[PDB]
Amino acid sequence: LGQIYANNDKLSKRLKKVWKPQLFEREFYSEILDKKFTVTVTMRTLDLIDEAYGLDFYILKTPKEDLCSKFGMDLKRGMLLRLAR
Amino acid sequence: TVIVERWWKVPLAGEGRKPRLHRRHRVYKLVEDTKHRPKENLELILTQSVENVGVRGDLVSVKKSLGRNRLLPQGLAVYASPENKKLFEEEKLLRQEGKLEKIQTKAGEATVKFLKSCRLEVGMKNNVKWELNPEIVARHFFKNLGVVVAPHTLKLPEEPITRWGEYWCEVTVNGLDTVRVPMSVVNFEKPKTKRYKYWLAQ
Amino acid sequence: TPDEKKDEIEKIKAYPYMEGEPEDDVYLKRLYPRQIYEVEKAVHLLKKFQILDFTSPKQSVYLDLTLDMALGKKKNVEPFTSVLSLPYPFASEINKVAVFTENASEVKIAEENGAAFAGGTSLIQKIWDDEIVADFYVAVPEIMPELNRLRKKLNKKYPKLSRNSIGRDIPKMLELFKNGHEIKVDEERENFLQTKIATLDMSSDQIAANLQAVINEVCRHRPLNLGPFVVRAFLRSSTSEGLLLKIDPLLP
Amino acid sequence: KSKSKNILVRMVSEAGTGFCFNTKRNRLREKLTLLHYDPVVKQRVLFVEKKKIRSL
RNA sequence: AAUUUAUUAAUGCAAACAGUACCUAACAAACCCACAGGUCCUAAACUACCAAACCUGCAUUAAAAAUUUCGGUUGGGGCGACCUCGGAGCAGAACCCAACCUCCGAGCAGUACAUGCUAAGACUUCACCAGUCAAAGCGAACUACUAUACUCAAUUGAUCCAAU
RNA sequence: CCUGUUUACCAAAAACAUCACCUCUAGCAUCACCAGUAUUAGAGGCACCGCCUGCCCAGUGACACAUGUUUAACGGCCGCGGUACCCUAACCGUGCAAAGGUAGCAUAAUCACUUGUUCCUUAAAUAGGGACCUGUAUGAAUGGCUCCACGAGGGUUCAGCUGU
RNA sequence: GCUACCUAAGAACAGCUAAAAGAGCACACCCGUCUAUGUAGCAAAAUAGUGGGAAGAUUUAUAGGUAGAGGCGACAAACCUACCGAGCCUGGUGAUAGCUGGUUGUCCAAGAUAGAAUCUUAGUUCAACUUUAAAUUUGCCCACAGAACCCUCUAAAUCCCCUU
RNA sequence: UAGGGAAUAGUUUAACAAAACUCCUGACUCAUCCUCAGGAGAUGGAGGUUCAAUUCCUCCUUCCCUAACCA
Ligand SMILES: [K+]
Ligand SMILES: [K+]
Ligand SMILES: [K+]
Ligand SMILES: [K+]
Ligand SMILES: [K+]
Ligand SMILES: [K+]
Ligand SMILES: [K+]
Ligand SMILES: [K+]
Ligand SMILES: [K+]
Ligand SMILES: [Mg+2]
Ligand SMILES: [Mg+2]
Ligand SMILES: [Mg+2]
Ligand SMILES: [Mg+2]
Ligand SMILES: [Mg+2]
Ligand SMILES: [Mg+2]
Ligand SMILES: [Mg+2]
Ligand SMILES: [Mg+2]
Ligand SMILES: [Mg+2]
Ligand SMILES: [Mg+2]
Ligand SMILES: [Mg+2]
Ligand SMILES: [Mg+2]
Ligand SMILES: [Mg+2]
Ligand SMILES: [Mg+2]
Ligand SMILES: [Mg+2]
Ligand SMILES: [Mg+2]
Ligand SMILES: [Mg+2]
Ligand SMILES: [Mg+2]
Ligand SMILES: [Mg+2]
Ligand SMILES: [Mg+2]
Ligand SMILES: [Mg+2]
Ligand SMILES: [Mg+2]
Ligand SMILES: [Mg+2]
Ligand SMILES: [Mg+2]
Ligand SMILES: [Mg+2]
Ligand SMILES: [Mg+2]
Ligand SMILES: [Mg+2]
Ligand SMILES: [Mg+2]
Ligand SMILES: [Mg+2]
Ligand SMILES: [Mg+2]
Ligand SMILES: [Mg+2]
Ligand SMILES: [Mg+2]
Ligand SMILES: [Mg+2]
Ligand SMILES: [Mg+2]
Ligand SMILES: [Mg+2]
Ligand SMILES: [Mg+2]
Ligand SMILES: [Mg+2]
């Protein structure tokens with residue numbers, strides 16, 4: 001949620017502007033939980049999962065402030081509880 | 001992902017303090033939208049054989065759509081992680097523990113596969129006496145089947161062909177994979193003539 | 001720059017091509033880019049095809065050239081016929097040409113230099129009132145007023161100063177033009193020019209010399225270094241497929 | 001205002017000093033070559049018109 | 001009227017997503033070949049088809065709107081006219097002096113190419129800004145040029161900013 | 001046209017609506033339209049009926065796209081010179097234009113001239129009615145012209161009535 | 001809870017004519033044409049009489065819905081709680097005002113004004129005038145001499161200026 | 001402020017054999033009208049170039065069309 005100058009010229013009108021992410025519904029498989037989840041994601045999430053070599057690594061490695069998802073934090077607790085027990 | 005930057009400079013806040021943001025700092029310019037960036041490939045290690053690449057343990061760079069939507073979900077491929085790279089590398093040592101594996105390029109396999117499912121139409125002229133020999137046969141491979149065939153790795157049905165009939169020319173791709181193609185020898189008709197006679201009319 | 005013409009120029013540049021045989025002994029043509037380049041190898045190979053595909057030992061080698069005969073500005077250059085004999089002229093003889101000269105001593109010079117058809121009003125009237133075919137026409141300045149009658153008939157093939165075919169000295173084209181060979185142009189103006197270069201039995205070096213001569217001949221229309229004038233070149237025999245020669249070295 | 005009769009041009013020294021001065025010339029006359037004092041070399045040198053600055 | 005398209009809709013491109021994939025116009029004039037067809041007089045190159053919508057980003061055109069403004073002088077305001085600069089009268093003789101007072105002009109042109117540099121002392125449109133004149137000196141020119149800050153009345157436009 | 005509607009608190013009307021007529025847009029269902037489906041629904045103009053609604057698509061708009069189509073869309077629908085003596089040209093010449101105001105009506109609720117001219121009405125009429133009318137600024141669905149019924153609309157009048 | 005329009009489910013409409021009715025006459029009822037009275041009134045829109053409609057597009061009780069960048073509107077720029085060219089309340093807010101008004105004890109002193117620019121002529125900034133303090137040196141009044149030709153008023157005068 | 005384009009008979013235009021056209025004669029008719037002819041009628045201007053320039057260049061005038069164009 002921000003503002004822009006029309007035609008990227010400061011001396012022009014200042015307009016409200018919202019940039020929204022492109023959302024995709026994809027299915028992921030968790031090895032630790034042995035379950036498939038249909039989750040709405042962004043292309044950034046897919047790249048981050050690729051760099052982590054899987055959903056489980058992504059969920060476990062990513063700190064709370066970067067996941068920015070209550071669902072993601074619940075998956076982390078689920079995975080961690082299975083590993084702890 | 002949309003990447004933005006502020007039009008207006010934000011004054012330094014210092015150590016251990018939060019920046020003082022005026023409402024002019026809400027004005028942004030679009031630096032770059034990363035969806036329009038050139039796409040990079042995804043490096044995967046294959047587990048099962050696939051038409052595009054059919055070797056278990058081959059490091060393949062695929063389109064992110066293909067790997068994410070097909071190979072990885074279905075188990076055909078795995079991530080090229082350090083650990084997975086080691087696991088498959090150990091296998092390839094065991095594969096070659098007896099001896100080094102002979103090199104057969106992926107292209108060569110494809111030509112072999114194409115040669116398995118094709119038949120050569122060796123149109124020959126009625127007027128002139130002809131004998132189909134390796135050099136002649138290699139040329140026909142280029143024109144009709146599109147294969148650039150080494151003359152030396154050529155076989156034939158024992159005696160080389162000399163009259164119209166049915167035979168087989170066995171080409172060895174890279175010297176390892178031998179494919180025998182069905183050979184149909186017909187009266188020479190230029191591509192122009194056949195397209196007028198039949199492709200145009202029929 | 002119409003989208004089709006310019007986009008094709010971009011596309012033709014895009015087509016991949018490679019030097020030398022790939023590592024694979026047996027490889028599908030589809031699996032690798034266009035290859036065969038060197039003008040020496042090409043001639044040697046074209047002779048190979050002649051034996052394999054039984055055909056005349058001497059054949060017309062119909063060089064097709066993808067000459068960037070356009071994109072000087074956003075306004076494109078146009079096709080002309082700068083005629084020059086090749087270093088070793090190929091065996092084609094076309095000797096029907098006409099010289100317009102009436103009541104002048106040039107009539108003698110015209111025939112002395114080997115004019116096929118020399119005449120004045122009578123010749124001009126014959127062209128208008130009855131059909132007659134010549135490969136190229138020349139006229140002295142004095143006869144251009146009278147010759148203007150045939151302007152419409154010849155559809156801009158009538159002599160023009162632009163082609164150096166109007167002048168008191170007729171031998172500019174008359175003397176040399178008989179042996180020289182016309183570099184004709186495409187009807188679709190897609191830059192491909194079907195122009196015989198040499199007979200098949202002609203030595204590779206002579207055919208190579210014959211090739212280079214045309215390269216300069218064709219650049220004559222726009223021989224500027226400002227805009228590249230050539231993209232690709234396909235040397236095809238009569239009974240063979242076209243081969244993509246590496247013309248980039250030979251361009252300048 | 002009215003149709004421009006003269007133009008303003010930049011006269012650049014031929015001595016390579018880079019010293020330039022502006023002069024007025026008729027639009028319909030040929031490019032000017034003038035002998036003008038060049039401070040860098042401290043003596044009169046030939047100056048040749050290079051560019052038109054504006055229409056006067 | 002200037003400014004704008006955030007908003008709504010349409011369109012295009014990208015993003016995203018599946019796959020399957022028409023190589024078309026002989027003709028012998030001569031010769032060959034038992035046929036079927038061939039030699040000569042080109043048998044090239046091309047290479048395309050290709051995932052409908054929704055959603056998101058960037059553009060383009062519309063729709064419907066938003067923001068802000070609508071100069072001054074003036075024998076009330078409006079209409080008409082005027083708005084800066086110079087010469088003359090009013091203003092007779094240092095300077096100065098108004099009216100929608102009376103008259104005539106300017107928004108250049110031409111010749112130079114040292115209309116190069118530098119520096120005492122002064123003038124000044126009633127402020128400021130701007131504008132004006134200049135000895136000496138340096139460098140030139142020069143011992144024929146009313147030669148040294150060109151003729152000409154006004155012949156004109158600040159700051160920011162842009163181009164270089 | 002009619003019944004009806006409107007400025008609660010200065011305007012009830014000739015303004016609005018209205019039956020009728022016409023143009024435009026849409027081939028469709030689970031919240032309006034509609035539990036409907038082109039004899040339908042929605043957006044508008046004009047205003048029952050009667051007799052009519054003339055010419056123009058150049059410009060703007062809309063639509064359609066190869067030109068183009070469309071005015072019951074926004075709008076428009078001339079001047080000159082001469083020719084029967086003057087009052088006027090059926091008629092020709094001529095420039096211009098997309099077309100050049102057709103029918104009807106007309107001193108009108110219609111710029112001014114204007115209290116137009118004439119007939120009727122009064123003893124006397126800038127009022128009223130009927131005509132004449134080039135209205136040079138009338139005029140045909142932003143409708144023209146008649147005509148029943150209707151009106152707390154505006155104007156004129158006979159007779160009666162009355163302290164106006 | 002007024003009012004505009006809508007939704008749900010209710011109620012009222014004598015008598016006479018015609019018997020068909022957005023028909024006529026005429027109560028209840030609704031509306032408000034004209035006059036008078038009233039005008040701090042009985043009333044922040046009334047009273048008396050006279051009127052329009054009164055089986056319909058009628059009037060009316062009850063509950064509910066649409067909310068201000070809006071609603072609703074048989075368009076009067078209507079109506080949306082007595083004041084709607086767009087409600088009311090609180091807040092931003094001590095909005096802003098070159099505009100008007102106001103600005104509180106005593107006493108003394110100096111003190112009246114060429115102009116320029118300005119979306120400026122109801123205002124400002126710079127000059128000018130004016131005030132206080134400080135510095136050190138002339139200020140005012142003025143003798144001869146001196147300050148233009150062109151041109152019709154050969155003007156009253158001025159400028160400069162020692163002495164005093 | 002730029003750009004581009006255009007200047008052919010009195011009118012325009014063909015970039016083409018060149019015309020129409022107005023005016024002005026004639027002919028045809030028993031005569032008049034129609035009609036049919038002929039007659040002269042131009043390569044914006046200017047300059048250069050070329051033996052020769054509507055046809056190669058240049059500046060100006062008039063007109064048309066397009067558009068940027070900052071303080
Ligand atoms: K007055
Ligand atoms: K009411
Ligand atoms: K009424
Ligand atoms: K139109
Ligand atoms: K009358
Ligand atoms: K009424
Ligand atoms: K009361
Ligand atoms: K006052
Ligand atoms: K003021
Ligand atoms: Mg004023
Ligand atoms: Mg006045
Ligand atoms: Mg005015
Ligand atoms: Mg001063
Ligand atoms: Mg000096
Ligand atoms: Mg009726
Ligand atoms: Mg009222
Ligand atoms: Mg009333
Ligand atoms: Mg009405
Ligand atoms: Mg009607
Ligand atoms: Mg009409
Ligand atoms: Mg007469
Ligand atoms: Mg009429
Ligand atoms: Mg009138
Ligand atoms: Mg009366
Ligand atoms: Mg009218
Ligand atoms: Mg009217
Ligand atoms: Mg209309
Ligand atoms: Mg009445
Ligand atoms: Mg009524
Ligand atoms: Mg109901
Ligand atoms: Mg009743
Ligand atoms: Mg009734
Ligand atoms: Mg009644
Ligand atoms: Mg009334
Ligand atoms: Mg009541
Ligand atoms: Mg109502
Ligand atoms: Mg109204
Ligand atoms: Mg009004
Ligand atoms: Mg209120
Ligand atoms: Mg407030
Ligand atoms: Mg205040
Ligand atoms: Mg005092
Ligand atoms: Mg100003
Ligand atoms: Mg003032
Ligand atoms: Mg004094
Ligand atoms: Mg003194």
# chains A, B, ... in the order shown; residues from 1 in each chain; ligands from 1
$ residues_near_ligand --ligand "ligand 30" --cutoff "9 Å" --atoms "only C-alpha atoms (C1' of nucleotides) and all ligand atoms" --output "ChimeraX atom specification"
/G:6-9
$ residues_near_ligand --ligand "ligand 42" --cutoff "12 Å" --atoms "only C-alpha atoms (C1' of nucleotides) and all ligand atoms" --output "MDAnalysis selection string"
chainID G and resid 108:111
$ write_last_selection --atoms "N, CA and C atoms (P, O5', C5', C4', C3', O3' and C1' of nucleotides)" --output "PDB file, in the first residue's frame"
ATOM      1  P     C G 108       1.060  66.576  29.567  1.00  0.00           P
ATOM      2  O5'   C G 108       2.573  66.643  29.079  1.00  0.00           O
ATOM      3  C5'   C G 108       3.483  67.559  29.668  1.00  0.00           C
ATOM      4  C4'   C G 108       4.909  67.264  29.276  1.00  0.00           C
ATOM      5  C3'   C G 108       5.221  67.287  27.789  1.00  0.00           C
ATOM      6  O3'   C G 108       5.380  68.594  27.267  1.00  0.00           O
ATOM      7  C1'   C G 108       6.183  65.366  28.757  1.00  0.00           C
ATOM      8  P     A G 109       5.057  68.890  25.721  1.00  0.00           P
ATOM      9  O5'   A G 109       6.268  68.215  24.940  1.00  0.00           O
ATOM     10  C5'   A G 109       7.602  68.644  25.160  1.00  0.00           C
ATOM     11  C4'   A G 109       8.604  67.683  24.570  1.00  0.00           C
ATOM     12  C3'   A G 109       8.526  67.472  23.067  1.00  0.00           C
ATOM     13  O3'   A G 109       9.150  68.509  22.329  1.00  0.00           O
ATOM     14  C1'   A G 109       8.707  65.380  24.146  1.00  0.00           C
ATOM     15  P     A G 110       8.424  69.147  21.044  1.00  0.00           P
ATOM     16  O5'   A G 110       8.936  68.254  19.831  1.00  0.00           O
ATOM     17  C5'   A G 110      10.302  68.263  19.447  1.00  0.00           C
ATOM     18  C4'   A G 110      10.656  67.051  18.625  1.00  0.00           C
ATOM     19  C3'   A G 110       9.865  66.855  17.341  1.00  0.00           C
ATOM     20  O3'   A G 110      10.325  67.659  16.270  1.00  0.00           O
ATOM     21  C1'   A G 110       9.947  64.818  18.520  1.00  0.00           C
ATOM     22  P     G G 111       9.274  68.400  15.306  1.00  0.00           P
ATOM     23  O5'   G G 111       8.491  67.209  14.595  1.00  0.00           O
ATOM     24  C5'   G G 111       9.173  66.274  13.772  1.00  0.00           C
ATOM     25  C4'   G G 111       8.293  65.100  13.421  1.00  0.00           C
ATOM     26  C3'   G G 111       6.972  65.436  12.747  1.00  0.00           C
ATOM     27  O3'   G G 111       7.112  65.637  11.351  1.00  0.00           O
ATOM     28  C1'   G G 111       6.587  63.922  14.521  1.00  0.00           C
TER      29        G G 111
END
$ residues_near_ligand --ligand "ligand 13" --cutoff "9 Å" --atoms "only C-alpha atoms (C1' of nucleotides) and all ligand atoms" --output "ChimeraX atom specification"
/E:124-127
$ residues_near_ligand --ligand "ligand 8" --cutoff "12 Å" --atoms "only C-alpha atoms (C1' of nucleotides) and all ligand atoms" --output "VMD selection string"
chain G and resid 99 to 102
$ residues_around --residues "residue 27 (chain F)" --least-positions-apart "2" --cutoff "12 Å" --atoms "only C-alpha atoms (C1' of nucleotides)" --output "number ranges by chain"
F: 37-38, 40
$ closest_atom_pairs --of "chain F" --to "ligand 24" --cutoff "10 Å" --atoms "only C-alpha atoms (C1' of nucleotides) and all ligand atoms" --output "CSV"
residue,atom,partner,partner_atom_place_in_ligand_line,distance
F:125,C1',ligand 24,1 (Mg),8.3
F:127,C1',ligand 24,1 (Mg),6.5
F:128,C1',ligand 24,1 (Mg),9.7
F:156,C1',ligand 24,1 (Mg),9.0
$ residues_near_ligand --ligand "ligand 41" --cutoff "10 Å" --atoms "only C-alpha atoms (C1' of nucleotides) and all ligand atoms" --output "PyMOL selection string"
chain G and resi 94-97
$ closest_atom_pairs --of "chain E" --to "ligand 10" --cutoff "8 Å" --atoms "only C-alpha atoms (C1' of nucleotides) and all ligand atoms" --output "tab-separated table"
residue	atom	partner	partner_atom_place_in_ligand_line	distance
E:72	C1'	ligand 10	1 (Mg)	6.4
E:73	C1'	ligand 10	1 (Mg)	7.3
E:74	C1'	ligand 10	1 (Mg)	7.4
E:77	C1'	ligand 10	1 (Mg)	7.9
$ write_last_selection --atoms "N, CA, C and O atoms (P, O5', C5', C4', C3', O3' and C1' of nucleotides)" --output "PDB file, in the first residue's frame"
ATOM      1  P     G E  72      -8.738  40.746 -12.109  1.00  0.00           P
ATOM      2  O5'   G E  72      -7.771  41.981 -12.369  1.00  0.00           O
ATOM      3  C5'   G E  72      -6.737  42.304 -11.453  1.00  0.00           C
ATOM      4  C4'   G E  72      -5.795  43.329 -12.027  1.00  0.00           C
ATOM      5  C3'   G E  72      -6.426  44.643 -12.457  1.00  0.00           C
ATOM      6  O3'   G E  72      -6.642  45.532 -11.375  1.00  0.00           O
ATOM      7  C1'   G E  72      -4.999  43.862 -14.168  1.00  0.00           C
ATOM      8  P     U E  73      -7.779  46.664 -11.464  1.00  0.00           P
ATOM      9  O5'   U E  73      -7.186  47.725 -12.491  1.00  0.00           O
ATOM     10  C5'   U E  73      -5.984  48.426 -12.208  1.00  0.00           C
ATOM     11  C4'   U E  73      -5.548  49.263 -13.384  1.00  0.00           C
ATOM     12  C3'   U E  73      -6.537  50.327 -13.837  1.00  0.00           C
ATOM     13  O3'   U E  73      -6.422  51.525 -13.086  1.00  0.00           O
ATOM     14  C1'   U E  73      -5.774  49.094 -15.713  1.00  0.00           C
ATOM     15  P     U E  74      -7.682  52.114 -12.283  1.00  0.00           P
ATOM     16  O5'   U E  74      -8.659  52.632 -13.426  1.00  0.00           O
ATOM     17  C5'   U E  74      -8.165  53.418 -14.504  1.00  0.00           C
ATOM     18  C4'   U E  74      -9.001  53.244 -15.746  1.00  0.00           C
ATOM     19  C3'   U E  74     -10.392  53.864 -15.680  1.00  0.00           C
ATOM     20  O3'   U E  74     -10.773  54.324 -16.974  1.00  0.00           O
ATOM     21  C1'   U E  74     -10.589  51.536 -16.012  1.00  0.00           C
ATOM     22  P     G E  77     -14.410  50.559 -12.707  1.00  0.00           P
ATOM     23  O5'   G E  77     -15.054  49.182 -13.179  1.00  0.00           O
ATOM     24  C5'   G E  77     -15.140  48.076 -12.294  1.00  0.00           C
ATOM     25  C4'   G E  77     -16.251  47.135 -12.686  1.00  0.00           C
ATOM     26  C3'   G E  77     -16.212  46.598 -14.107  1.00  0.00           C
ATOM     27  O3'   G E  77     -15.299  45.531 -14.282  1.00  0.00           O
ATOM     28  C1'   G E  77     -18.400  47.318 -13.606  1.00  0.00           C
TER      29        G E  77
END
$ select_by_dssp --residues "chain A" --states "helix (DSSP H, G or I)" --output "number ranges by chain"
A: 6-8, 43-52, 55-61, 64-67, 70-84
$ residues_around --residues "region 16-29 of chain G" --least-positions-apart "3" --cutoff "12 Å" --atoms "only C-alpha atoms (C1' of nucleotides)" --output "number ranges by chain"
F: 2-4, 18-19, 149-150; G: 12-13, 53-60
$ write_last_selection --atoms "C-alpha atoms (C1' of nucleotides)" --output "PDB file, in the first residue's frame"
ATOM      1  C1'   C F   2     -58.131  14.128 -20.925  1.00  0.00           C
ATOM      2  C1'   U F   3     -58.094  11.968 -14.729  1.00  0.00           C
ATOM      3  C1'   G F   4     -53.423  12.786 -12.414  1.00  0.00           C
ATOM      4  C1'   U F  18     -49.942  10.103 -19.287  1.00  0.00           C
ATOM      5  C1'   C F  19     -52.820   6.511 -23.007  1.00  0.00           C
ATOM      6  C1'   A F 149     -64.282  16.307 -24.106  1.00  0.00           C
ATOM      7  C1'   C F 150     -61.895  18.369 -20.001  1.00  0.00           C
TER       8        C F 150
ATOM      9  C1'   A G  12     -62.056   3.747   4.911  1.00  0.00           C
ATOM     10  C1'   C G  13     -65.128   5.709   0.942  1.00  0.00           C
ATOM     11  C1'   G G  53     -60.854  15.823  -5.994  1.00  0.00           C
ATOM     12  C1'   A G  54     -63.826  12.535  -3.399  1.00  0.00           C
ATOM     13  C1'   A G  55     -64.284   3.743  -6.426  1.00  0.00           C
ATOM     14  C1'   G G  56     -59.164   5.810  -7.574  1.00  0.00           C
ATOM     15  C1'   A G  57     -52.469   6.956 -10.747  1.00  0.00           C
ATOM     16  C1'   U G  58     -57.458   7.615  -4.235  1.00  0.00           C
ATOM     17  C1'   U G  59     -56.800   8.634   1.047  1.00  0.00           C
ATOM     18  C1'   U G  60     -55.025   6.326   5.439  1.00  0.00           C
TER      19        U G  60
END
$ atom_distance --atom1 "CA of residue 11 (chain D)" --atom2 "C1' of residue 70 (chain H)"
26.8 Å
$ residues_near_ligand --ligand "ligand 5" --cutoff "9 Å" --atoms "only C-alpha atoms (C1' of nucleotides) and all ligand atoms" --output "PyMOL selection string"
chain F and resi 107+117-119+129-131
$ write_last_selection --atoms "N, CA, C and O atoms (P, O5', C5', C4', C3', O3' and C1' of nucleotides)" --output "PDB file, in the first residue's frame"
ATOM      1  P     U F 107     -51.633  36.393 -37.626  1.00  0.00           P
ATOM      2  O5'   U F 107     -50.552  37.462 -37.146  1.00  0.00           O
ATOM      3  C5'   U F 107     -49.453  37.070 -36.330  1.00  0.00           C
ATOM      4  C4'   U F 107     -48.835  38.233 -35.593  1.00  0.00           C
ATOM      5  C3'   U F 107     -49.811  39.294 -35.083  1.00  0.00           C
ATOM      6  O3'   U F 107     -49.365  39.788 -33.821  1.00  0.00           O
ATOM      7  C1'   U F 107     -48.216  40.304 -36.496  1.00  0.00           C
ATOM      8  P     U F 117     -51.628  50.173 -38.538  1.00  0.00           P
ATOM      9  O5'   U F 117     -52.294  49.613 -39.872  1.00  0.00           O
ATOM     10  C5'   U F 117     -51.948  50.150 -41.140  1.00  0.00           C
ATOM     11  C4'   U F 117     -52.491  49.305 -42.264  1.00  0.00           C
ATOM     12  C3'   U F 117     -53.994  49.068 -42.253  1.00  0.00           C
ATOM     13  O3'   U F 117     -54.733  50.148 -42.798  1.00  0.00           O
ATOM     14  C1'   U F 117     -52.885  47.015 -42.584  1.00  0.00           C
ATOM     15  P     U F 118     -56.040  50.699 -42.044  1.00  0.00           P
ATOM     16  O5'   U F 118     -57.181  49.658 -42.431  1.00  0.00           O
ATOM     17  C5'   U F 118     -57.659  49.565 -43.765  1.00  0.00           C
ATOM     18  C4'   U F 118     -58.255  48.210 -44.053  1.00  0.00           C
ATOM     19  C3'   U F 118     -59.520  47.853 -43.287  1.00  0.00           C
ATOM     20  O3'   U F 118     -60.691  48.427 -43.842  1.00  0.00           O
ATOM     21  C1'   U F 118     -58.014  46.039 -43.199  1.00  0.00           C
ATOM     22  P     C F 119     -61.898  48.892 -42.887  1.00  0.00           P
ATOM     23  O5'   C F 119     -62.650  47.536 -42.521  1.00  0.00           O
ATOM     24  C5'   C F 119     -63.457  46.870 -43.481  1.00  0.00           C
ATOM     25  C4'   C F 119     -63.955  45.543 -42.968  1.00  0.00           C
ATOM     26  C3'   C F 119     -64.770  45.580 -41.685  1.00  0.00           C
ATOM     27  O3'   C F 119     -66.120  45.953 -41.890  1.00  0.00           O
ATOM     28  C1'   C F 119     -63.148  43.877 -41.527  1.00  0.00           C
ATOM     29  P     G F 129     -58.357  36.916 -29.593  1.00  0.00           P
ATOM     30  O5'   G F 129     -59.459  36.707 -30.722  1.00  0.00           O
ATOM     31  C5'   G F 129     -60.659  36.001 -30.443  1.00  0.00           C
ATOM     32  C4'   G F 129     -61.699  36.231 -31.509  1.00  0.00           C
ATOM     33  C3'   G F 129     -61.262  35.962 -32.940  1.00  0.00           C
ATOM     34  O3'   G F 129     -61.277  34.588 -33.278  1.00  0.00           O
ATOM     35  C1'   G F 129     -62.389  38.032 -32.844  1.00  0.00           C
ATOM     36  P     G F 130     -60.224  34.012 -34.344  1.00  0.00           P
ATOM     37  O5'   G F 130     -60.694  34.650 -35.725  1.00  0.00           O
ATOM     38  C5'   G F 130     -61.962  34.329 -36.274  1.00  0.00           C
ATOM     39  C4'   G F 130     -62.138  34.914 -37.653  1.00  0.00           C
ATOM     40  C3'   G F 130     -60.963  34.755 -38.600  1.00  0.00           C
ATOM     41  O3'   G F 130     -60.910  33.471 -39.194  1.00  0.00           O
ATOM     42  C1'   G F 130     -61.791  36.974 -38.712  1.00  0.00           C
ATOM     43  P     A F 131     -59.646  33.046 -40.084  1.00  0.00           P
ATOM     44  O5'   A F 131     -59.749  33.993 -41.359  1.00  0.00           O
ATOM     45  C5'   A F 131     -58.621  34.229 -42.184  1.00  0.00           C
ATOM     46  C4'   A F 131     -58.799  35.476 -43.008  1.00  0.00           C
ATOM     47  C3'   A F 131     -57.560  35.960 -43.745  1.00  0.00           C
ATOM     48  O3'   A F 131     -57.355  35.277 -44.969  1.00  0.00           O
ATOM     49  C1'   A F 131     -58.564  37.775 -42.613  1.00  0.00           C
TER      50        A F 131
END
$ residues_near_ligand --ligand "ligand 17" --cutoff "8 Å" --atoms "only C-alpha atoms (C1' of nucleotides) and all ligand atoms" --output "ChimeraX atom specification"
/F:11-12 /G:32
$ residues_around --residues "residue 55 (chain F)" --least-positions-apart "4" --cutoff "12 Å" --atoms "only C-alpha atoms (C1' of nucleotides)" --output "PyMOL selection string"
chain F and resi 71+76-77+98-102
$ residues_near_ligand --ligand "ligand 9" --cutoff "6 Å" --atoms "only C-alpha atoms (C1' of nucleotides) and all ligand atoms" --output "PyMOL selection string"
chain G and resi 98+122-123
$ residues_near_ligand --ligand "ligand 44" --cutoff "12 Å" --atoms "only C-alpha atoms (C1' of nucleotides) and all ligand atoms" --output "PyMOL selection string"
chain G and resi 98+115-118+120-125
$ interface_residues --of "chain E" --to "chain D" --cutoff "12 Å" --atoms "only C-alpha atoms (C1' of nucleotides)" --output "number ranges by chain"
E: 107-117, 138-140, 163-164
$ residues_near_ligand --ligand "ligand 11" --cutoff "12 Å" --atoms "only C-alpha atoms (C1' of nucleotides) and all ligand atoms" --output "list in words"
residues 73, 74, 75, 76, 77, 78, 79, 80, 81 and 100 of chain E
$ decode --residues "region 98-110 of chain B" --atoms "C-alpha atoms" --output "mmCIF file, in the first residue's frame"
data_model
loop_
_atom_site.group_PDB
_atom_site.id
_atom_site.type_symbol
_atom_site.label_atom_id
_atom_site.label_comp_id
_atom_site.auth_asym_id
_atom_site.auth_seq_id
_atom_site.Cartn_x
_atom_site.Cartn_y
_atom_site.Cartn_z
ATOM 1 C CA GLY B 98 34.235 -53.266 -13.056
ATOM 2 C CA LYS B 99 35.169 -50.927 -15.907
ATOM 3 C CA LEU B 100 34.586 -47.387 -17.117
ATOM 4 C CA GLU B 101 31.210 -46.967 -18.792
ATOM 5 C CA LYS B 102 31.423 -46.458 -22.543
ATOM 6 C CA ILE B 103 30.289 -43.021 -23.711
ATOM 7 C CA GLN B 104 27.045 -42.962 -25.728
ATOM 8 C CA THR B 105 25.834 -39.392 -26.136
ATOM 9 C CA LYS B 106 22.195 -38.536 -25.516
ATOM 10 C CA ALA B 107 21.971 -37.448 -29.155
ATOM 11 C CA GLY B 108 23.163 -40.885 -30.244
ATOM 12 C CA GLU B 109 20.405 -42.549 -28.230
ATOM 13 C CA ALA B 110 17.829 -40.295 -29.900
#
